[PDB]
C-alpha cells in the first residue's frame, strides 16, 4: 500500500569498545563504539514521501558532558546527555545523523530531537526530500561516571530510545511508526595500571 512503511531497528555494538586503559576524573569519555548505519529504518510503502525522524531517548539522564566525536565531521565540541546503562560507573552519550554522510552528527542533549533533517528542530515544516525510505547513522561513546574496577564487565542490551517517523502526508504521519534504537550488549575491559 501507499503508506505501508514498516520499521526496523538500528543497533550499535558494545563489543567494539576498545580496552579502556586508565584517573579519578568524572565524568569522562572512555572510548567510542564503531558507528553504524541503517538505510532502511522506515521502508516499504509504495508511494514516495517527505519524511523526518524524531528521536526520543528513554534511558535515565544522569547529567551532561562536553565532547567532540572523533567520528563524524563536527569540528567543535557539544554538550551531550549522559544516559545510564544501569551498570554503576558507566553511562553513554549518543549522536545520530541522517543516512548520507553530508548530514551532521546531531548530539542528543534534549528530551527529543530531529536527527534528520536537523533543520526541523527550528522549522516545524521541514522534511527530507521525497523518497521511499528513511535511514540514519548512530554514534555512541561510553562515559565513566565513577570509579571502574580492573577487569571485564558485562553491559546488558539496552534500548537507547526510539525514532518516530513523521511526514507531511497525514495518513503516513498518523500511523506514528516507531523504530527502536538499540545498544547491543557485550563485554568491555578496564586495565587499571
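Positions refer to the first chain, counted from 1.
Residue 24, present in the displayed chain, goes without coordinates in a third or more of the other PDB entries compared that cover both sides of it.
The segment from residue 22 to residue 23 is interrupted, since 4 to 9 residues of the deposited sequence in that interval carry no coordinates.
Judged by mean Cα B factor in the deposited record, 65 to 73 ranks above the other of 25 to 33 and 65 to 73. If you average the C-alpha B-factors over 84 to 92 and over 99 to 107, the higher value belongs to 99 to 107. Residue-level temperature factors show residue 150 in the highest third of its chain, judged at the C-alpha atom. In the PDB entry, a CA B factor belonging to the lowest third of its chain's modelled residues is recorded for residue 13. Remark: residue 170 belongs to the highest third of its chain, ranked by C-alpha B-factor as recorded.
Residue 2 sits in the highest third of its chain by CA B factor, as recorded in the PDB entry. In the deposited entry, the Cα temperature factor of residue 131 sits in the middle third of values across the chain's modelled residues.
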